Amino acid sequence: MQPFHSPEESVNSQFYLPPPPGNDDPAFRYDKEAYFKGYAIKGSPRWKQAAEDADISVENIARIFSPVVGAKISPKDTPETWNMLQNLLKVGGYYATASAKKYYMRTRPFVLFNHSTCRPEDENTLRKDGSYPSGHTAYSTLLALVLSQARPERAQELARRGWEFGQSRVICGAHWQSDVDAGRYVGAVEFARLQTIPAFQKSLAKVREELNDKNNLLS
Amino acid sequence: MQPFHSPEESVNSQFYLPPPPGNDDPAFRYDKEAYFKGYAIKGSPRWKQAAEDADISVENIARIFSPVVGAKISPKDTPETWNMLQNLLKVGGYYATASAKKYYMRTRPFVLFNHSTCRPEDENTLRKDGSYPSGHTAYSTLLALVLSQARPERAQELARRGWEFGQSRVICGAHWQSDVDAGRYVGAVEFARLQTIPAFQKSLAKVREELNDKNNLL
């Protein structure tokens, strides 16, 4: 279970991403307004989804995307895919966002306004992690793209769910809208980098056949 | 001179992109502020760079990206890359953005505020084209990713230039910031779709060979 590449092989997100919005910048005004719009729908359906989207454990990630990609994803039925899910979280959720995160150590909204998020358990961890850019977003975006490369006919569904997965971080109170916008781009950049790695290409080929197999088809 | 895929073979942007920010939406107030922040620096160097970025002819894209990718890009030294640049404009700038564009027919900022853009020439065309999402943006994002795949040693430079190319559209007055943000997602999605098209893979192999050819480096 070795990541497709080492941390040093991720494209330096600190170099290509712009800096997060400043205190008096219109973009930050938007971040704050966006934060409160999410807070308003606390306890609604969309808000409960955001809470579920908060958990990136492979199990929950498989449960969420299985219907979207249209195939049952599981350790037994889809071995390579199962490893692909975890591997991508490592290079995309963490390695790809690392330099930028540490460089700015941006404070999270729920910390700023001293509020509770949609997933209280993860709060002590979040507090220690730089807000910009969002790892969940980078991972979901990357994931949507990889699965779309494996099952092209579910592209629109994957692209859509990938987008909402990111928005859940805004609604959940864990991230500023600007952290999510930057996370999507980080996920795309990582996705391109993976294309040049043999290990990734081998894994994709197997992932492709598992999710296209008639026995694993799901409605 | 044959597009990688037909207009119908691109992922439907109207389905996966959210609708454009509305009049009282937080994102829209940000769009207006961003528009004026750019209109204010009209005539400055950054603004002049925006007019340069506004021109998507192949000759101008090559001039801008040769330094970034680190290789000469010409119809004579890199014919395949030359076609790749033009082909990506069709599938990524036009096909990939069409459905969302036509469905919302979002009014462009310069049209709404009665001002001129950083490149008057285009304004008559822009007038009748849906603002959301931005075609220049999807294109430069796509371009950046494809070139990064051909020469990963320049991934960061490419990813930064690609981003700025999209921001020129906002500074230029041609788009709202939200169109640009949407355009980047479209660029990535289309990038994913191209991977599964043989004509593309075959073309990328040649592009990689031309851009890494010692006789073509700067």
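> Can you explain the overall build of chain A? Please cite residues and give values.
Summing up its helical and strand segments, chain A has 12 helices and 0 strands in all. Along chain A, from the amino end to the carboxyl end, the secondary structure elements read α-α-α-α-α-α-α-α-α-α-α-α. Since a compact globule built from 219 residues should have a radius of gyration of about 17 Å, the 17 Å found for chain A is in line with a globular shape. Along the longest, intermediate and shortest principal axes, the C-alpha atoms of chain A span 55 × 40 × 30 Å. Considering only residue pairs separated by 6 or more positions, chain A has 83% of its internal contacts joining residues 24 or more positions apart. Total accessible area on chain A is roughly 9200 Å²; 51% of this is exposed by carbon and sulfur atoms. Distance from the positive charge centre (28 side chains) to the negative charge centre (25 side chains) of chain A: 2 Å.

> Give a detailed account of the overall build of chain B, specifying residues and quantitative values.
A count of helical and extended segments in chain B gives 12 helices and 0 strands. Starting at the N terminus and ending at the C terminus, chain B contains elements arranged as α-α-α-α-α-α-α-α-α-α-α-α. Computed over C-alpha atoms, the radius of gyration of chain B comes to 17 Å, within 12% of the 17 Å expected from 2.2 N^0.38 for 218 residues, which places it in the range of a compact globule. Its C-alpha atoms put chain B at 50 × 40 × 30 Å along the principal axes. Burial status across chain B gives 59% buried among its 218 residues. Considering only residue pairs separated by 6 or more positions, chain B has 82% of its internal contacts joining residues 24 or more positions apart. As displayed, chain B offers around 9100 Å² of accessible surface, 52% of which is attributable to carbon and sulfur atoms. Put simply, chain B has 28 plus and 25 minus side-chain charges, and the middle of one group is 2 Å from the middle of the other.

> Can you break down the nonpolar core residue by residue, with the values?
In terms of nonpolar packing, the biggest core is built from 73 residues, with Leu-88 of chain A together with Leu-88 of chain B touching the most fellow members. A per-element tally of this core places helix α9 (residues 135-150) of chain A first, with 8 residues. If near-sequence neighbours (up to four positions away) are discounted, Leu-88 of chain B is found in contact with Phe-4, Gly-93, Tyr-139, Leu-142, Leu-143, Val-146 and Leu-194 of chain B.

> Just give me the short version of the packing of aromatic side chains, but keep the residues and values in it.
Within this structure, the stated rule accounts for 28 aromatic pairs over all chains. Here the aromatic rings of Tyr-35 of chain A and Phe-36 of chain A are separated by 5.1 Å at their centres, their planes lie at 75 degrees, and the arrangement is edge-to-face. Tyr-35 of chain A gets classed as buried once you look at its relative accessible area, which sits at 3%. For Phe-36 of chain A, a relative accessible area of 40% gives the class partly exposed. For the ring pair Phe-36 of chain A and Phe-113 of chain A, a centre distance of 4.9 Å and an interplane angle of 50 degrees mean the geometry is tilted. In this pair, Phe-36 of chain A sits in helix α2 (residues 26-40) while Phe-113 of chain A sits in the loop between α7 (109-112) and α8 (123-126), placing the two residues 77 residues apart along the sequence. Overall, the relative accessible area of 25% leaves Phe-113 of chain A in the partly exposed class. Taken together, the ring pairs in this structure connect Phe-28, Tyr-35, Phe-36, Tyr-39, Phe-113 and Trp-176 of chain A into an aromatic cluster. The residue whose ring lies beneath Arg-160 of chain A is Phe-15 of chain B, and the NZ or CZ to ring-centre distance is 4.5 Å.

> Can you lay out the environment of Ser-116 of chain B for me, pointing to particular residues and giving the numbers?
Residues and elements named next belong to chain B. Structurally, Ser-116 can be placed in the loop between α7 (109-113) and α8 (123-127). Between the C-alpha atom of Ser-116 and that of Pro-198, which follows or precedes it by 82 residues, the distance is 43 Å. With near-sequence residues (within four places) excluded, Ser-116 lies in contact with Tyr-39, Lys-42 and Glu-123.

> Tell me about the interface of chain B and chain A, residues and numbers included.
By convention, interface size is frequently given as the accessible area that disappears when the constituent parts associate. Each partner contributes residues to the interface: chain B has 31 residues there, and chain A has 32 residues. Surface buried jointly by chain B and chain A totals about 3200 Å² across both partners, of which 71% is contributed by carbon and sulfur atoms. At the surface where chain B touches chain A, the tally comes to 3 salt bridges. With its nearest N and O atoms 3.3 Å apart, the salt bridge here joins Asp-25 of chain A to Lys-37 of chain B.

> Tell me what's going on with the state of the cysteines, and back it up with residues and numbers.
Residues and elements named next belong to chain A. Applying the stated criterion across every chain, the model contains 2 disulfides over all chains. The residue that forms a disulfide with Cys-118 is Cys-172, at a sulfur-sulfur distance of 2.0 Å. Of note, the bridge from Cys-118 to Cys-172 carries an S-S torsion of about -90 degrees and is left-handed in sense. Placement of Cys-118 in the loop between α7 and α8 and of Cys-172 in the loop between α10 (155-171) and α11 (177-195) is noted, with a sequence separation of 54 residues between them. The pair formed by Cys-118 and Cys-172 is uniform in burial state, with each residue classed as buried.

> Mind laying out helix α5 (residues 79-95) of chain A, listing which residues take part and the relevant values?
Residue and element names in this part refer to chain A. An ideal rise of 1.5 Å per residue puts 24 Å on 17 residues; α5 measures up with 23 Å between its terminal C-alpha atoms. Across the 17 residues that make up α5, a large majority, 12, are buried. Along α5, the residues that are buried comprise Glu-80, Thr-81, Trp-82, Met-84, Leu-85, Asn-87, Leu-88, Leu-89, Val-91, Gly-92, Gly-93 and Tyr-95. Buried residues belonging to α5 abut α4 (58-69), α6 (98-104), α9, α11 and α12 (198-212).

> How would you explain helix α3 (residues 45-53) of chain A if you had to name every residue and give the values?
Residues and elements named next belong to chain A. Listing the buried residues of α3 in full gives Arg-46, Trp-47, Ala-50, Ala-51 and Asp-53. The buried residues of α3 occupy an angular sector of 165 degrees when projected down its axis, which confines them to one face. For α3, exposure combined with an orientation more than 90 degrees from the buried face picks out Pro-45 and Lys-48. In this structure, the buried side of α3 is in contact with α2, α4, α9 and α10.

> Explain the packing of helix α5 (residues 79-95) of chain B against helix α9 (residues 135-150) of chain B residue by residue, including any values.
Residue and element names in this part refer to chain B. In the contact formed by α5 and α9, the axes pass within 9 Å of each other and the chain directions differ by 130 degrees. Viewed along their axes, α5 and α9 adopt a mutual orientation that is oblique. The element α5 and its partner α9 pack so that their crossing is right-handed. Taking contact as the criterion, the partners of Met-84, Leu-85, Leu-88, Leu-89, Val-91, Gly-92 and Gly-93 in α5 are, on α9, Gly-135, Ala-138, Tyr-139, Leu-142, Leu-143 and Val-146. Counted by class, the contact of α5 with α9 contains 10 nonpolar, 3 polar and no charged residues.

Rules behind the numbers
- Residues numbered from 1 in each chain as written, not as in the entry; some residues may be left out.
- Chains lettered and ligands numbered in written order.
- Heavy atoms only, no water.
- Helix = DSSP H or I, 4+ residues; strand = E, 2+ residues; numbered from the N terminus.
- Rg over C-alpha atoms; globule rule 2.2 N^0.38 Å.
- Contact = heavy atoms within 4.5 Å.
- Areas by Shrake-Rupley, 256 points an atom, 1.4 Å probe, with all protein chains shown as cover.
- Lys, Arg positive; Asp, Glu negative; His and termini not counted.
- Charge placed at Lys NZ, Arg CZ, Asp CG, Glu CD.
- Buried < 20%, exposed > 50% of the residue type's maximum accessible area, 1.4 Å probe, protein only.
- Core = buried A, V, L, I, M, F, W, Y, C linked by side-chain atoms within 4.5 Å.
- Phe/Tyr/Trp six-rings, centres within 6.5 Å; stacked < 30°, edge-to-face > 60°.
- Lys NZ or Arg CZ within 6 Å of the ring centre and 35° of its normal.
- Buried area = accessible area lost by both parts, 1.4 Å probe.
- Salt bridge = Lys/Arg side-chain N within 4 Å of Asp/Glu carboxyl O.
- Disulfide = S-S within 2.5 Å.
- Expected span 1.5 Å × (residues − 1).
- Arc of directions from axis to C-beta.
- Axes fitted to C-alpha atoms, helices over the stretch in contact; angles between N-to-C directions.
- Parallel < 35°, antiparallel > 145°, perpendicular 65-115°, else oblique.
- Left-handed = near helix turned anticlockwise from the far one by under 90°.
- Nonpolar A, V, L, I, M, F, W, Y, C, P; charged D, E, K, R; others polar.

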